[PDB]
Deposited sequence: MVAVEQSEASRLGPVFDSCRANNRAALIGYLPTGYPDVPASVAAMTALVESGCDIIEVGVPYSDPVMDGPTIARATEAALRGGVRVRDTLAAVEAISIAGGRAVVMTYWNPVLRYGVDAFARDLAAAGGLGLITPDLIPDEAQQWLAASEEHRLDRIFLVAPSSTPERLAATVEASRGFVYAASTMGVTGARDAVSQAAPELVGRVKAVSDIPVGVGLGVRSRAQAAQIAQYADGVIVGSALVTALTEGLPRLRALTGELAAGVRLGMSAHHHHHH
């Protein structure tokens, strides 16, 4: 059976481009403004929106996203506001997945969160601190409620672990990172036809274009947050530049 995000990538590869995948955290700079920001990403040409659930103890995150998530939490942001942002994105004709650390999902109830994300129009979950080894409950919830499940791979991932991570993913596999990124994408292609999204601190049209030569999706987050902090117009302009970068034809 087909992934939820499969048709977006099928459609992108038919237009000789990569999908633009845009991250923003719920509640930055507050809940309404973040929703207006995520809506604007859909209007400016983001194929997929990663809706970030701010978390008190993020391990993976650089300063830009960390300062933003801390601000979001100071503002009183709730996990259910992420579900509201997903509804809004779906209403605007966008395609939304949720990116979250695992404890909020555990606290919610894993089956419950998958049910409520699906009901909100969410298409999947990105799990940066959930590896397949701990993902039994999530895989059952993912199958039950038809959600894509995007695990991460890294340059240091062993052959055995790259294979298991790719085999357990649905929709795309997130290749998080000079020549490290194409080599990693190459290693994924050797064992699977699954779409690979690449994150690489993308800040410009030229960087998006480089990544779009070898990857199925170009993931961007920090630079969107930096843009949003300036204002909504700046975010629109950057997204347009990035959308032109993902197109090769």
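Note: segments 1-7, 185-195, 268-276 of the deposited sequence have no C-alpha coordinates in the structure.
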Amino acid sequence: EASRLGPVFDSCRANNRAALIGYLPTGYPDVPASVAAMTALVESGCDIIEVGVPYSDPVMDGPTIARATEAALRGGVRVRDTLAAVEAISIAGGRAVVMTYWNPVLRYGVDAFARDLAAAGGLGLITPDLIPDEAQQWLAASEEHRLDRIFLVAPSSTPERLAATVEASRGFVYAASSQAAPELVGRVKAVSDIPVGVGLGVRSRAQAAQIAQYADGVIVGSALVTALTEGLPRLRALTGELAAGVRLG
From here on, numbers count along this sequence of modelled residues.
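Just going by the entry, 221-229 versus 14-22 on mean CA temperature factor gives the higher value to 14-22. Comparing 142-150 with 99-107, the stretch with the higher mean C-alpha B-factor in the PDB entry is 142-150. Ranked by C-alpha B-factor against the other modelled residues of its chain, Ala84 falls in the middle third.
In this PDB entry, the Cα temperature factor of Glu50 sits in the bottom third of its chain's modelled residues, the lowest group.
Sort the modelled residues of the chain by CA B factor and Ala176 lands in the highest third.
Among the modelled residues of the chain, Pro182 sits in the highest third by CA temperature factor in this PDB entry. Among the modelled residues of its chain, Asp129 has a C-alpha B-factor that falls in the lowest third, as given in the PDB entry.
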